[PDB]
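Undergrad: chains from the complex, first installment, not repositioned:
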Amino acid sequence: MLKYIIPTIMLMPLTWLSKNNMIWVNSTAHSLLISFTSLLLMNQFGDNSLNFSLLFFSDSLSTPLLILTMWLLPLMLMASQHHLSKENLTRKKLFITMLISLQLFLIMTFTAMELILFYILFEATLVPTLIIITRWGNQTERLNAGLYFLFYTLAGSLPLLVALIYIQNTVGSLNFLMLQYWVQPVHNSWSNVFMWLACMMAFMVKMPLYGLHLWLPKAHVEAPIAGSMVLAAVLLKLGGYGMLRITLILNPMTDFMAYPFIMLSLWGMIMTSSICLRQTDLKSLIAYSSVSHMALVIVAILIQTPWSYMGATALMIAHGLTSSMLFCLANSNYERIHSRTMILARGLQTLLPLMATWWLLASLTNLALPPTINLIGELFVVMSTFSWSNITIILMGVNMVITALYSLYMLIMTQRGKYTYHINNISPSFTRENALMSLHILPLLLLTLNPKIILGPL
Amino acid sequence: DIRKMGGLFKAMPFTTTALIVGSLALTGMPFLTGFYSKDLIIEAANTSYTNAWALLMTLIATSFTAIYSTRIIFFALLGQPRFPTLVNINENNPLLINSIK
Amino acid sequence: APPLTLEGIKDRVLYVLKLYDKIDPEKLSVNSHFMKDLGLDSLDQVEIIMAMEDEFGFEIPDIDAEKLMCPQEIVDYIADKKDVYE
Amino acid sequence: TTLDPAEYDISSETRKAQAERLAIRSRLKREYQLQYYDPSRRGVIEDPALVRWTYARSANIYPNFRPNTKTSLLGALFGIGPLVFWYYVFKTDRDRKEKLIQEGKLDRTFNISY
Amino acid sequence: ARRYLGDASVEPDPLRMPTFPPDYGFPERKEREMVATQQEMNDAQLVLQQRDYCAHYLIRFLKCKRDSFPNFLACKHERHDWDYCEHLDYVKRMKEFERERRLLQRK
Amino acid sequence: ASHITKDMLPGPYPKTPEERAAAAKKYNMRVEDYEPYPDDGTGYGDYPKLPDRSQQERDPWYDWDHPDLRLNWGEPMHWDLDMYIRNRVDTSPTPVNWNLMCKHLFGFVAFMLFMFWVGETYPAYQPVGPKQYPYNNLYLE
Amino acid sequence: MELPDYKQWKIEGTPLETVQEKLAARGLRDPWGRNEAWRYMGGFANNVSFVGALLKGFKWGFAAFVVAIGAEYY
Amino acid sequence: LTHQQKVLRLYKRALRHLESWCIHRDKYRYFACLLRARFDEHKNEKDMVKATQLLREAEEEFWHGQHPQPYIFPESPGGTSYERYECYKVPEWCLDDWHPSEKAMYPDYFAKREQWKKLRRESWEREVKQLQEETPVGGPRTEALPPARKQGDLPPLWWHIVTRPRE
């Protein structure tokens, strides 16, 4: 509620209004504080969900999901600091403003009270993200990532507004989710498929199916300095949750056609992870993880029958961190050596000993050792999706193999002798290198102690 | 390598007694430790519906249990000493002998 | 940890080379130039490194055969391999 | 099996005119060490074979591509093909399993989960 | 499997024995061979294939076992005679390939 | 910031001697059989002119091989052809193409028939006919 | 420190090194003779063979067998 | 490889795979001259095709009779505990990033290092430019004049000359 948007918009002139170089520490100081407010009135119910205003129930829903969104902001200025210190302050004042200008809508969205505040705010980004990709790129291939990032996201999300304005005047008012207490079903026709297909395909083009992901590595391979907005674009994607607000209801009873979204993404899950093994560019190698065990949720959501939402929620915020943090490693190791080519960096682990245990705990949580959230987020997937049909144990059982050769080959490539020609790579990871790389593995594993705070209603 | 080993006694009095005890024990347990382990099997479950192949198959494996042992015994503990000169061997090792015993 | 010096390598190499009855043990040791005791083209150079491997025992690289003219040359670089004298 | 791999072949004396196959490389390791030994460098080396290793691999194909040879229309045997198959496997199940859930009861009554 | 009639209580893992479970039995020798008291058979903790013959006998074996705790031996004659109960039973059950051999031959 | 003509262009025959070696010397003389030829089965955009392919296979072999480095560690200046399967592949074994394993893996398959029988020890085989009688045959008492 | 001195072994012994005679029907003969004969002699001529290797004297067996057998003994 | 020395690479390995086949130390030794007999059977004759059948048929009867799991001389191109110790590897030039109070230790050694650099600080003007005089155009194997004609400093300094030790 205004408890949140108002201070975080109050942030906005906490920055430029300041002096010279004090700016970074000025806003990083406050931006942490809001996290007390983040929890503050939140983590109330529980049962019979919280709605505190007419057009906002901040998050009740058991999709808390908002606490993270308020984390990643003052993880950027620790992240983004590296080469952004080399241009002017009135531009550096900008890049902190639009970056907030993103953070303000992700608080608006995830609440939205309804469908039609979601959408205009579901499309309300792409103004702030697109401007961070095109400027402050690195290569010159960036200019095409500008377009491809649109012309999909916007391409098929217009058929929403044709459909959601079609519901508003058909049955009552969509003004509120919390009233669905009248919903008739959707039986069949050659019209209703389209309705269901229009109310869906806009979401898929964000969390990729194995088709129409053609943009995802185009934008991430070449993308701002620190992953500065690349950490944010790994929040944006998973935020396609809203399919959890719809497909639970609002055409419940068409599962009839589900199968082309099952067998299409269920054989890609065994697939695009395997086209990730021979990659020669590291920020590509991680970008294809992000498809894979993200695209497993799309077979979690379509199937009804909780024990999937038990396991589908834990995943949106499962790689929400692990897949975040890897883009933070591959950034750092790139500061020192200016190729992103994976081969070139070898013979590390002697020269940066403390950063050894940083790779490991990262690459260990794609392996998903049993105790952490990762498996307890996957093993509620397999338990329901097994009951669907027994044969799902094979493919998604293969996923649990190729992903293990997948991860290690990234670490074990950095255990070798190489002294080779590098006179660079002196800096022994000054604190920010290891400070911002923490505040992930500390908060991540921690939740396993009381992991009832990440769960759906079911 | 099992090549370049030599014989039983060159300053290895105790350790070579550890081999010929254990490496005897694993051979079918005449009175020794596992006398209740490998010995109480082929004499008990061997009366059953067994596939009439494993009986052929397993008991033959029991044979090689000898040549397992005796091979790495006879190249290391038996033949003439063969290995390059300047061999420093010292077995007086409080932090070792304490362990085997 | 085993102590190593430059004397034994002048001795050991002198030693077995003085053990072979094909060589009289009045002959030069540190420098004979070995071309007087190269006879013939083969069966010397690769012949002499057949035994000397039996004591130290590292690999005796191929392209290091042509360094074996000088009897001080063989002992010369064996110091550089095993990390020998200061 | 994989492979011979031809550790001996014909030779001797033909193609002894072939020399300066090393002059190609010997030039560089002279120049490379002429690069690599300098007091003041502190930085990585160009190493073009790597620049031409990725950039002639990742990009620079759809530019080079042509949709012509029917060995490049091969992929219908690869990309779409098994994706139909997995539909054929499933859609029979989820039905064979469904028919029995109606007439006749396969499960027990201590299954609440699901 | 002597009396094949029904079971008042349905408890399987044959908590419903025919009466007491034999190995096979009788057929004639012994028509009623007689074992031990069932009320005490599962009143103690008694595994299956501990319900065969020589239940009365082996219930005593453990009695003394529990008697001298800091001891490695109780009765090596009883454990020997435990065969003399069991060996005598088993050999008495070696006779079922003797009868069926010559009984199922010509007549 | 390599300026012009970074990588392969539209081959695989654009004056074969113009490429290797203009830059990127795969072949010395423009015929080493390293000429930027190996566009075998084209129309697949894969591997254009490419100061590159079918140069032979099965490994860099990682041994003494010591002009300087020459294989997988130490990075000679520029040979690179294709790679990335080379850290999980080596050369010629002692035998050649003998599948005796499918023989031995089927060696027990002979004893599949040994499965259809039983091993019952007592009594012996004693060739019989109608003597078998696993449980009972004739009357009970 | 001069310990590895020559003029020492120069084979006399070693029925395995008597094949110099066996090859004398062709002849080489020994040279180099004493390298493989370095340690061929000395206390390495014994090298206890079969079961006596795994008996190790059979020391306590038939002496300590009745050590417990027996004092009452009825 | 020059046709003369081509038997060496076989003559090196020939007896090598032998010894891993024999067991007794005399067995290797007893077959020495006996199998040594075959080499000089034709000792002096043509270098070309006439004696190429000493190279030609050497292929078979060797590869045939190969792989009795040879003795590998543990620290070497292959086999166990060869490259084993990398946990040190001596990353020469570890002396850069310190933040002294870590530099209090080995003061005599920090004194010595900066004394080595003066050679490599300026040895170049005649060190590099002589390589512009030394190799006229396409020169094969690239070492300088072995002395460098007065004082090499190192010249190959210091990467090959100061390189990393083994422990």
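TA: Cool, the structure landed. Residues are numbered from 1 along each chain as shown, chains lettered A, B, ... in the order given.
Undergrad: who's in contact with residue C:77?
TA: C:64, C:67 (Cβ atoms under 8 Å, 6 or more residues apart in numbering or on different chains). All C-beta atoms are positioned from the backbone trio N, CA, C, and that covers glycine.
Undergrad: how about it, secondary structure?
TA: Assigned with DSSP: H, G, I helix; E, B strand; the rest coil, residue C:77 falls in the helix class.
Undergrad: kindly report the same for the one 3 residues further on.
TA: Three-state assignment for residue C:80 (three-state DSSP): helix.
Undergrad: for it, grab the count of nearby residues.
TA: 10 (other Cβ atoms under 10 Å in any protein chain shown).
Undergrad: write out the residues of chain F neighbouring chain B.
TA: Within chain F, the residues that sit near chain B (Cβ under 8 Å from any Cβ of the partner chain) are F:111, F:114-115, F:117-122.
Undergrad: apply 6 Å and report the result again.
TA: F:111, F:114, F:117-119, F:121 (Cβ under 6 Å from any Cβ of the partner chain).
Undergrad: make a ChimeraX selection of whichever of those turn out to be buried.
TA: The buried residues among the residues of chain F next to chain B can be selected in ChimeraX (16 or more other Cβ atoms under 10 Å in any protein chain shown) with this line:
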select /F:119
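Undergrad: count residues in the vicinity of the closest residue to residue C:79 other than its chain neighbours, would you?
TA: Distances taken as Cβ to Cβ, 6 or more residues apart in numbering or on different chains put residue C:85 closest to residue C:79, at 5.5 Å, once the chain neighbours are dropped. If you count neighbours by other Cβ under 10 Å, residue C:85 ends up with 10.
Undergrad: got phi/psi on the residue in chain C positioned nearest to chain A?
TA: As assessed by Cβ to the nearest Cβ, chain A sits closest to residue C:83 within chain C, at 17.6 Å. Here is the backbone geometry of residue C:83 (degrees, to the nearest 10): phi 60, psi 70.
Undergrad: please slot chain I in as well:
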Amino acid sequence: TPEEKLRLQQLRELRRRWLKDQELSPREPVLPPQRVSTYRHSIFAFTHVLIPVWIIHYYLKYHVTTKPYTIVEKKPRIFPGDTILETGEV
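TA: Chain I added:
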């Protein structure tokens, strides 16, 4: 080959010259620096085991009857030494 005369015998006075510089241990070359400052050894085993044994049982004595069904311990396995006659021995 002769040609290596003038070369690498400089290395013998160069490599072994660096290695010559290398080995140093006078004056305790770990400064350290600053600063200040078996029978019993009877509380080390006590700080080891006797702290937990207290803590762990304080979590039990106050506990076993708290949980409705806690530790599941099995039956006594009674033998005919209490209320019973044998009666065989048969």
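Undergrad: re-run the earlier check on the neighbour count of residue C:85 with chain I in the model.
TA: 14.
Undergrad: where's residue A:374, which helix or strand?
TA: Using DSSP states H and E, residue A:374 falls within helix A:373-378.
Undergrad: chain center to that helix, what's the gap?
TA: How far helix A:373-378 lies from its chain's middle: 17 Å, per Cα atoms, centre = their mean, to the nearest Å.
Undergrad: ok, and what's touching that helix?
TA: A:311, A:314-315, A:318, A:365, A:368, A:448 (Cβ atoms under 6 Å, 6 or more residues apart in numbering or on different chains).
Undergrad: contacts only, for residue B:32.
TA: Contacts of residue B:32 by Cβ under 6 Å, 6+ apart are residue B:25.
Undergrad: oops, could you answer that again for residue A:425 instead?
TA: residue A:336.
Undergrad: how about the one 4 residues further on?
TA: With Cβ under 6 Å, 6+ apart as the criterion, the residues that contact residue A:429 are A:352, A:355.
Undergrad: mind checking how far it is from chain C?
TA: In this view, residue A:429 and chain C are 32 Å apart by Cβ to the nearest Cβ, to the nearest Å.
Undergrad: where does the residue in chain H positioned nearest to chain I fall, phi/psi-wise?
TA: Nearest residue of chain H to chain I: residue H:146, at 3.3 Å (Cβ to the nearest Cβ). With angles defined as degrees, to the nearest 10, residue H:146 sits at phi -50, psi -40.
Undergrad: if we can go back for a sec, how about the contacts of helix A:373-378, which pair is most distant?
TA: A:311 and A:365 (16.0 Å; Cβ to Cβ).
Undergrad: state the helix or strand in which the closest residue to residue A:109 other than its chain neighbours lies.
TA: Nearest residue to residue A:109 in three dimensions, chain neighbours excluded: residue A:121, at 4.8 Å (Cβ to Cβ, 6+ apart). Per DSSP H and E, residue A:121 falls inside helix A:116-122.
Undergrad: put chain J onto that model:
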Amino acid sequence: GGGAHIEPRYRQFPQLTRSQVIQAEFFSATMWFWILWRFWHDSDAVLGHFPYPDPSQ
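TA: Adding chain J to what we have so far:
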């Protein structure tokens, strides 16, 4: 360095400590004494013998 406490061998066959082997040999008894009770008292099989069930009557 560390110490000289034992010098190596040129194949002069180094000497033992003389408490090395005796202290071990007392564990050559524990196999040869503990093998005592095998045949005393136990035979190749302690069984009882199946008496050929002749009474098919």
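Undergrad: please reconsider the neighbour count of residue C:80 now that chain J is part of the model.
TA: 16.
Undergrad: does any part of stretch F:113-120 sit near chain E?
TA: No: judged by Cβ under 6 Å from any Cβ, stretch F:113-120 and chain E are separated, with a smallest distance of 10.3 Å.
Undergrad: OK, now which residue of chain E is nearest to chain B?
TA: For chain E, Cβ to the nearest Cβ, closest residue to chain B: residue E:90, 10.8 Å.
Undergrad: and that residue, how far from chain A?
TA: Distance from residue E:90 to chain A, by Cβ to the nearest Cβ: 46 Å.
Undergrad: so which elements touch the helix or strand containing residue A:298?
TA: Under the criterion DSSP H and E, the helix or strand holding residue A:298 is helix A:297-301. Under the contact definition 3 or more Cβ pairs under 6 Å, 6 or more residues apart in numbering or on different chains; DSSP states H and E, helix A:297-301 sits against helix A:259-269, helix A:309-316.
Undergrad: reformat these as JSON lines; add mean neighbour count and distance to chain F.
TA: Listed next are the helices and strands packed on helix A:297-301 as JSON lines, based on neighbours: other Cβ atoms under 10 Å in any protein chain shown; distance: least, Cβ to the nearest Cβ, whole Å:
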{"stretch": "helix A:259-269", "mean neighbour count": "19", "distance to chain F": "22"}
{"stretch": "helix A:309-316", "mean neighbour count": "24", "distance to chain F": "30"}
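Undergrad: I'd like those laid out as TSV, including distance to residue H:69.
TA: Shown next, in TSV, are the helices and strands packed on helix A:297-301 (distance: least, Cβ to Cβ, whole Å):
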stretch	distance to residue H:69
helix A:259-269	44
helix A:309-316	50
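Undergrad: what about those, which gets the closest to residue C:44?
TA: That would be helix A:259-269 among the helices and strands packed on helix A:297-301, by Cβ to Cβ, at 67.3 Å.
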